[PDB]
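J.: Here's a structure for you.
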Amino acid sequence: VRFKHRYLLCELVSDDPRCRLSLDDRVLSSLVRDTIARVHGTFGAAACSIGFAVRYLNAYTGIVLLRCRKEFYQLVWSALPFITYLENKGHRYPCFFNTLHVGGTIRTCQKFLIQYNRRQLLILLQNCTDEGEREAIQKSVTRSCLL
Amino acid sequence: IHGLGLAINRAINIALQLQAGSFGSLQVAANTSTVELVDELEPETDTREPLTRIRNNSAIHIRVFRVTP
Amino acid sequence: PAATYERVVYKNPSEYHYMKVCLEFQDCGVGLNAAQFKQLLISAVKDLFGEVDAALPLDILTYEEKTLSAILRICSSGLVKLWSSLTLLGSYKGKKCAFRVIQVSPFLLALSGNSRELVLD
Amino acid sequence: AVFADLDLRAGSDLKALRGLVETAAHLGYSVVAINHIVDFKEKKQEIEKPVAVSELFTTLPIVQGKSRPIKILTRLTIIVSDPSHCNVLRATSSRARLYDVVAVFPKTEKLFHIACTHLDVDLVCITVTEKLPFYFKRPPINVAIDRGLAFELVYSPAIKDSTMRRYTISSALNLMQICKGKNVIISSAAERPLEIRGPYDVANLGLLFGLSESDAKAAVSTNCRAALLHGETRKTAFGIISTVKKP
Amino acid sequence: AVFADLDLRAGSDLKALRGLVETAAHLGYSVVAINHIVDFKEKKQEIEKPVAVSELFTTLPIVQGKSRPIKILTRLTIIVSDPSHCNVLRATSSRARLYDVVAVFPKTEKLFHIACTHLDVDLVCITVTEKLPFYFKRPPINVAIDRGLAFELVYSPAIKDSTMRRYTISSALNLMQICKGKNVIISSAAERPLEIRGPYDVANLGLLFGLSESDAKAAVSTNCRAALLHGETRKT
Amino acid sequence: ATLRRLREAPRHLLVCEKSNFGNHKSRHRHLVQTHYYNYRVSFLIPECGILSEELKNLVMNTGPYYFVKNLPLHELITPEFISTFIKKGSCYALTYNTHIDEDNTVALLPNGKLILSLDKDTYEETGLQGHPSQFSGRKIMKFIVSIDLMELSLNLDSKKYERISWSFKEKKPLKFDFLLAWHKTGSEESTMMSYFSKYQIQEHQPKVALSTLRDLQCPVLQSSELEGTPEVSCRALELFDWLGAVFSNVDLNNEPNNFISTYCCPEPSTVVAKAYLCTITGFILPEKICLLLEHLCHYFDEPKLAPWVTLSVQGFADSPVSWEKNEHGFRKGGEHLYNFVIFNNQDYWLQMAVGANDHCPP
RNA sequence: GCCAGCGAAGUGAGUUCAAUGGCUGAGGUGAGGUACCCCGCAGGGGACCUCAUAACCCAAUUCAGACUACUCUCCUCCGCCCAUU
């Protein structure tokens, strides 16, 4: 009496960070549902639209969580490399990148986001080498121990 | 991390590779002590008694902090 | 010369599926072509299965202009994907059309005789 | 194995109605049925003399199969939206017993449940036009498969707009994950003289819907036989059929 | 379990080249090699010091996966049209012994036969763009899989043209019917600083090419590992 | 689940056998004589511009076959019909244009086994002992009854014969359109026109299409290699795809344009100047093919310029039982066919085509 | 008739916006076939090839028991009718 879902993560890795400020659930739902109709036809455009919805999106961070079924996860996860030219008021060229295809199970999908976030700030220490930013890392470590 | 006299040859190996691995500020402090070791030996003979030898072995306490960089 | 015997039983060795093509139009202005029928096949699969399945390996064989009969073939992955796309009348200009299939067999030797009527009286 | 049944929704003139009979007789269709669209706005039910099959047809249908005449039957499809209109449909059990197979078109989840459990119909129309979302619940489906109720999953997306191709494949795949595919039939409502396909090609549009690897051929032959036979037990009686024979 | 070993075709400037290295280090890539376009038009031989990546890059490739440094290789892509240009490859094999993995681009099926049998290369470039007539024959494929010879499929369909999307998917499936997937790699060229895809993104892009249900993940991991393993004994 | 069945497979099978005509244990005669229904008979000979007059008289004398409109089933079980055609030869019957998965289909065997395929609306009304044929899930829709008429001929007053004869006359009338033919293997010769004088019987001749194809690109074959040597010979699988295109007038070259035809010839090949085409379209007796098979076996008595000849016989798409046991259905196509690639050293290739739901004998 | 509980890490599945019965290949058993081999009692075994392996249904702390929904199957007990001697 219940449906088995699949949850796939994405990451926008690009320069010119004004594109990361122009993110919205109305734009993202009009982007993914359109590019399936551009790569595939009207079959996958509606077979991946009866369970497709957005749940988690941070424009300042850049993590995209999408919904899809057990029977139709291979159409959304294959349409991800063909997403270019996010048309807006300016000139923007983003491109999604998967991290790990999680089979349902939101809890360990958020657990993989924690271990991905912890490995990003440790590499950022020596490469940036900023005194004002290193104090902001110490604010991130101290508040994480209070959790 | 703990370890005895054979183990501290490789217990020091997992600690130093964690510094290049985890890449963050992790302070390493070690503490040595003495671990007593009682050996028992007894053959299957009526006229014999188990002579319990005394022996000690070296240990370490390699302590890894989480130092804010 | 020699004399021997060999028993080899293959299980799906073909990897191809041939189709007899029949077309029906309303108006008598059949301005089609062998190059234009190939364009009608690509744009029809693009509307249902998309651009990836639009370039499946398919070719036109013994195409005729008056009878409008041809032979197409796609592999075992694309036999289902061609029946579906041409069902919904993928017309060229905008005038309504129909696509009706006479016979389907994976070999031209089984396709050449008949399967539909099987005797014409 | 009665093969290649249809459910046509077209009446305006005898020139277009006879053309659909000769076209269906050409490809594979042995039994062709005609629906009658009845809406809730007009509240009109022309039941008395609607078609006159024996009077308004030229006496000889010819198919390329067994060269048997077409069993031309008259069916009924009622667009139902309000519960204050289904009471007239529940009053047809004793007033006017015509239209051998009766199909219903629900629009409300409170009205879809009574049509599959309480209301005595033969098939249920599920078509989605112009952004009509509808949830498919499992208790009204699991009773209908044992009762004998089938579903007219009527497809006609290639008439006007290509956006209607999405709403046919979306509502069908919502059904196939839930109904499991026990008795679901497919047919095309054709108003133009070329909107009908051969029944050997129809069986892949049900396999485009999925539904089986093999029962998609039986969704037009076997499940259409059990859906036509449900209208025969509703017409005369459920246990005893008394026929007058005069040689 | 050495994963995500792909190759790039990239030289215009040091700013655009290092941007592709830092992007590939971000996603999943632990082996990134730079290809060089050599054709019959200019006939140049820059083998000794083409880029010198280790003398220009700032000594720290860091990935966010296994957190290991990147083994950066140097590979060569020779565009061969005429058989007189194919004899140049047999002359430079003993003069300058560099470019550890050698990839050749054939155009003629008579030249494709000696490339799979007689010509000593490691990978075979197969790119069909804008109506390039080249059909595949089954006996030259069956020799190359027993020899250990690999076949490339370089794609960039998503940005430049939509007409080029069809020739990359149709010419692929002409090879999938014959080669069966014994040693097939799928790399991508990148001239713009964002023309690369993720590490697990190739695993469905190989399934988008068909070819497998599970071994398409091995087309970026296992078959890419055999390029350096077979090419190391060719150099020594 | 939903994406697997859109691209997986239909069921198809091919069995390839090489053998010798001179072998004492060869079943090249038994597999043709016990194959019951034949519609398309086509044979090819490369480099043959002048046909031999003995083979030309054999093509024109394959039939004839008769067609009777609205013939009931109780006529075929009378003792007059059994003693005329069945007891003194082999009579064949096939209900024309009644598909195997749509309506009732009745077939007759030369051994006297009236094997008929009925649906659920007829199998319950006739009351004849049968068994299911193909499972369609749970609702079994087709049944097949085997009625041996030769065992009923010993005791005509038995309880088995009166159960069947009453089931067709007064219990269930069933008329059909039969494709009737008879092989003359009896002392007293009586034509079929004299017996069926009441119903509308029509004598039909097989359609003969004689053609000559020029500049055909034939492959290179080795009879002692079925899988095909690399760059020397070809695979026997590759000829079975090539052979249908020659009969369907498909012989083209590579054309890089908007209409690219990706149909290459199986290599290595040999340019052959002339190729003789024939198509015998009608209800063909299998005994006439046995005189055709032995004539093609005796075609290489003289040193000919052709390395190998062709004999390919295609059956119906409506045959209930072929190959003595195989219940041929119809699942979106699927036809039964066999092939003979006869060489000069009395060796032949047996390529049997198996449809969707069908089995194969040795 | 009435009276007795413990917030503390981690279920030979342990999910909780609710993971998991996968594919291919080779077998078992149940039908069908042999121009194949061995044992020599007309017989039997092996080898090879084709096909069926499901329906009912879904873990949410666990276990025992009753009840109910079932057939690719095996065991026990029988009925009806057909045909044979």
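Scheme for the structure tokens: letters A, B, ... for chains in order shown; per-chain residue numbers from 1; ligand numbers from 1 in order shown.
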If you run DSSP on the backbone, which residues of segment 51-285 of chain F are strand (DSSP E), as a VMD selection string?
T.: chain F and resid 65 to 72 89 to 94 105 to 108 113 to 119 130 to 132 142 to 148 175 to 184 200 to 204 207 to 219 269 to 281
J.: Could you list, as a PDB file with N, CA and C atoms (P, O5', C5', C4', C3', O3' and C1' of nucleotides), in the first residue's frame, every residue of chain G that has an atom within 9 Å of an atom of chain C, counting only C-alpha atoms (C1' of nucleotides)?
T.:
ATOM      1  P     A G  35      17.777 -41.616 -32.698  1.00  0.00           P
ATOM      2  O5'   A G  35      19.065 -41.778 -33.621  1.00  0.00           O
ATOM      3  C5'   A G  35      19.108 -41.194 -34.920  1.00  0.00           C
ATOM      4  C4'   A G  35      20.510 -41.168 -35.475  1.00  0.00           C
ATOM      5  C3'   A G  35      21.531 -40.414 -34.627  1.00  0.00           C
ATOM      6  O3'   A G  35      22.811 -41.026 -34.779  1.00  0.00           O
ATOM      7  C1'   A G  35      21.372 -39.397 -36.750  1.00  0.00           C
ATOM      8  P     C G  48      25.600 -32.267 -21.064  1.00  0.00           P
ATOM      9  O5'   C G  48      24.864 -31.807 -22.399  1.00  0.00           O
ATOM     10  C5'   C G  48      25.604 -31.525 -23.579  1.00  0.00           C
ATOM     11  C4'   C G  48      24.722 -31.560 -24.802  1.00  0.00           C
ATOM     12  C3'   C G  48      23.529 -30.617 -24.786  1.00  0.00           C
ATOM     13  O3'   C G  48      23.866 -29.287 -25.138  1.00  0.00           O
ATOM     14  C1'   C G  48      22.833 -32.769 -25.491  1.00  0.00           C
ATOM     15  P     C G  49      23.108 -28.053 -24.442  1.00  0.00           P
ATOM     16  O5'   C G  49      21.717 -27.970 -25.215  1.00  0.00           O
ATOM     17  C5'   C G  49      21.675 -27.683 -26.605  1.00  0.00           C
ATOM     18  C4'   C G  49      20.301 -27.916 -27.181  1.00  0.00           C
ATOM     19  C3'   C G  49      19.153 -27.209 -26.480  1.00  0.00           C
ATOM     20  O3'   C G  49      19.031 -25.846 -26.846  1.00  0.00           O
ATOM     21  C1'   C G  49      18.562 -29.465 -26.907  1.00  0.00           C
TER      22        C G  49
END
J.: Would you kindly report the residues of chain A within 9 Å of chain G, using only C-alpha atoms (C1' of nucleotides), as an mmCIF file with N, CA, C and O atoms, in the first residue's frame?
T.:
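Listing of result29.cif after writing:
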data_model
loop_
_atom_site.group_PDB
_atom_site.id
_atom_site.type_symbol
_atom_site.label_atom_id
_atom_site.label_comp_id
_atom_site.auth_asym_id
_atom_site.auth_seq_id
_atom_site.Cartn_x
_atom_site.Cartn_y
_atom_site.Cartn_z
ATOM 1 N N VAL A 1 0.834 -1.196 0.000
ATOM 2 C CA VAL A 1 0.000 0.000 0.000
ATOM 3 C C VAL A 1 0.871 1.249 0.000
ATOM 4 O O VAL A 1 0.385 2.358 0.225
ATOM 5 N N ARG A 2 2.161 1.060 -0.264
ATOM 6 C CA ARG A 2 3.127 2.146 -0.244
ATOM 7 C C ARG A 2 4.084 1.993 -1.418
ATOM 8 O O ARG A 2 4.277 0.893 -1.942
ATOM 9 N N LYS A 4 7.867 2.537 -3.295
ATOM 10 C CA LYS A 4 9.308 2.556 -3.054
ATOM 11 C C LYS A 4 9.925 3.681 -3.875
ATOM 12 O O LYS A 4 9.830 3.691 -5.104
ATOM 13 N N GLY A 103 19.055 4.763 -2.511
ATOM 14 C CA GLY A 103 17.830 4.021 -2.744
ATOM 15 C C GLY A 103 16.746 4.281 -1.717
ATOM 16 O O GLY A 103 16.529 3.459 -0.824
ATOM 17 N N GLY A 104 16.060 5.417 -1.828
ATOM 18 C CA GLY A 104 15.107 5.782 -0.797
ATOM 19 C C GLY A 104 15.825 6.427 0.375
ATOM 20 O O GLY A 104 16.700 7.281 0.199
ATOM 21 N N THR A 105 15.435 5.997 1.590
ATOM 22 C CA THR A 105 16.126 6.116 2.888
ATOM 23 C C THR A 105 16.809 7.464 3.151
ATOM 24 O O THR A 105 18.042 7.556 3.194
ATOM 25 N N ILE A 106 15.989 8.513 3.294
ATOM 26 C CA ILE A 106 16.358 9.918 3.509
ATOM 27 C C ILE A 106 17.404 10.125 4.606
ATOM 28 O O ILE A 106 18.278 10.994 4.476
ATOM 29 N N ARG A 107 17.345 9.300 5.662
ATOM 30 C CA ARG A 107 18.248 9.436 6.807
ATOM 31 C C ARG A 107 19.708 9.260 6.402
ATOM 32 O O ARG A 107 20.540 10.141 6.646
#
J.: Taking the DSSP secondary structure from the backbone, can you list the residues of segment 126-197 of chain E that are helix (DSSP H, G or I), as a list in words?
T.: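 Everything in segment 126-197 of chain E that counts as helix (DSSP H, G or I) is residues 138, 139, 140, 141, 142, 143, 144, 145, 146, 147, 164, 165, 166, 167, 168, 169, 170, 171, 172, 173, 174, 175, 176, 177, 178 and 179 of chain E.
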J.: May I have the residues of chain F within 12 Å of chain E, counting only C-alpha atoms, written as an MDAnalysis selection string?
T.: chainID F and resid 4 7:8 228:235 238 254:268
J.: Could you save those same residues with N, CA and C atoms as a short mmCIF file (atom, residue, chain, number, x, y, z; two decimals), in the first residue's frame?
T.:
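Result file follows (again.cif):
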data_model
loop_
_atom_site.label_atom_id
_atom_site.label_comp_id
_atom_site.auth_asym_id
_atom_site.auth_seq_id
_atom_site.Cartn_x
_atom_site.Cartn_y
_atom_site.Cartn_z
N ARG F 4 12.41 -2.97 -18.73
CA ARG F 4 13.08 -4.18 -19.22
C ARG F 4 12.33 -4.78 -20.40
N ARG F 7 12.62 -3.56 -24.19
CA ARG F 7 13.82 -3.74 -24.99
C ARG F 7 14.44 -5.13 -24.90
N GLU F 8 13.78 -6.11 -24.29
CA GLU F 8 14.51 -7.32 -23.94
C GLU F 8 14.69 -8.29 -25.10
N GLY F 228 31.82 -20.39 -39.41
CA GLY F 228 32.46 -19.46 -40.32
C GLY F 228 33.88 -19.09 -39.94
N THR F 229 34.82 -19.40 -40.83
CA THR F 229 36.21 -19.02 -40.60
C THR F 229 36.40 -17.53 -40.87
N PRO F 230 37.30 -16.87 -40.13
CA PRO F 230 37.53 -15.43 -40.35
C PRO F 230 38.25 -15.18 -41.67
N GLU F 231 37.66 -14.30 -42.49
CA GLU F 231 38.18 -13.76 -43.75
C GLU F 231 38.40 -14.83 -44.82
N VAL F 232 37.83 -16.03 -44.66
CA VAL F 232 37.91 -17.08 -45.66
C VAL F 232 36.53 -17.57 -46.07
N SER F 233 35.70 -17.96 -45.10
CA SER F 233 34.35 -18.42 -45.35
C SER F 233 33.37 -17.55 -44.56
N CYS F 234 32.09 -17.89 -44.67
CA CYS F 234 31.03 -17.17 -43.98
C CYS F 234 30.28 -18.09 -43.02
N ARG F 235 29.55 -17.47 -42.10
CA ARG F 235 28.74 -18.20 -41.15
C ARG F 235 27.41 -18.58 -41.79
N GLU F 238 24.77 -16.03 -41.24
CA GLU F 238 24.81 -14.84 -42.08
C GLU F 238 24.15 -15.04 -43.43
N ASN F 254 26.28 0.74 -50.85
CA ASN F 254 26.37 1.74 -49.79
C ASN F 254 26.13 3.13 -50.37
N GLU F 255 25.18 3.85 -49.78
CA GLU F 255 24.76 5.17 -50.26
C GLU F 255 24.79 6.17 -49.11
N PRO F 256 25.92 6.85 -48.89
CA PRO F 256 25.96 7.89 -47.85
C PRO F 256 25.19 9.15 -48.25
N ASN F 257 24.00 9.29 -47.69
CA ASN F 257 23.09 10.38 -48.05
C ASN F 257 22.09 10.55 -46.90
N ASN F 258 20.96 11.20 -47.16
CA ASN F 258 19.89 11.27 -46.18
C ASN F 258 19.23 9.91 -45.94
N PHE F 259 19.33 8.98 -46.91
CA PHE F 259 18.65 7.69 -46.84
C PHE F 259 19.61 6.50 -46.78
N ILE F 260 20.62 6.56 -45.89
CA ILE F 260 21.65 5.52 -45.77
C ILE F 260 21.04 4.16 -45.45
N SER F 261 21.32 3.19 -46.32
CA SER F 261 20.88 1.81 -46.17
C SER F 261 22.05 1.02 -45.59
N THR F 262 21.96 0.70 -44.29
CA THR F 262 23.02 -0.01 -43.60
C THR F 262 22.86 -1.52 -43.73
N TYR F 263 22.77 -2.02 -44.96
CA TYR F 263 22.66 -3.45 -45.23
C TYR F 263 23.88 -3.85 -46.06
N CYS F 264 24.91 -4.34 -45.39
CA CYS F 264 26.13 -4.77 -46.07
C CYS F 264 26.06 -6.25 -46.40
N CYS F 265 26.75 -6.64 -47.46
CA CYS F 265 26.81 -8.04 -47.84
C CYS F 265 27.71 -8.80 -46.86
N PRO F 266 27.37 -10.04 -46.52
CA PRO F 266 28.28 -10.85 -45.68
C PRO F 266 29.57 -11.17 -46.41
N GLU F 267 30.68 -10.75 -45.81
CA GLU F 267 32.01 -10.84 -46.40
C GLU F 267 32.78 -12.00 -45.78
N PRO F 268 33.63 -12.70 -46.57
CA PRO F 268 33.99 -12.52 -47.98
C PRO F 268 32.93 -13.02 -48.96
#
J.: List as a short mmCIF file (atom, residue, chain, number, x, y, z; two decimals) with C-alpha atoms, in the first residue's frame the protein and nucleic acid residues near residue 74 of chain C, meaning an atom at most 10 Å away when only C-alpha atoms (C1' of nucleotides) are counted, but skip any in the same chain fewer than 3 places from it.
T.:
data_model
loop_
_atom_site.label_atom_id
_atom_site.label_comp_id
_atom_site.auth_asym_id
_atom_site.auth_seq_id
_atom_site.Cartn_x
_atom_site.Cartn_y
_atom_site.Cartn_z
CA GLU C 15 19.62 -9.52 -33.21
CA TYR C 16 17.44 -7.98 -35.96
CA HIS C 17 13.71 -7.72 -36.66
CA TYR C 18 12.33 -6.89 -40.10
CA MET C 19 9.03 -5.07 -40.70
CA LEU C 56 18.70 3.72 -33.64
CA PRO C 57 20.16 1.64 -36.52
CA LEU C 58 17.34 1.48 -39.07
CA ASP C 59 17.37 1.50 -42.86
CA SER C 77 15.88 -3.37 -28.17
CA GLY C 78 14.19 -1.26 -30.84
CA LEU C 79 11.42 -3.54 -32.10
CA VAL C 80 9.03 -2.31 -29.40
CA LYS C 81 10.18 1.32 -29.71
CA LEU C 82 9.24 1.56 -33.41
CA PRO C 106 12.80 -11.22 -37.84
#
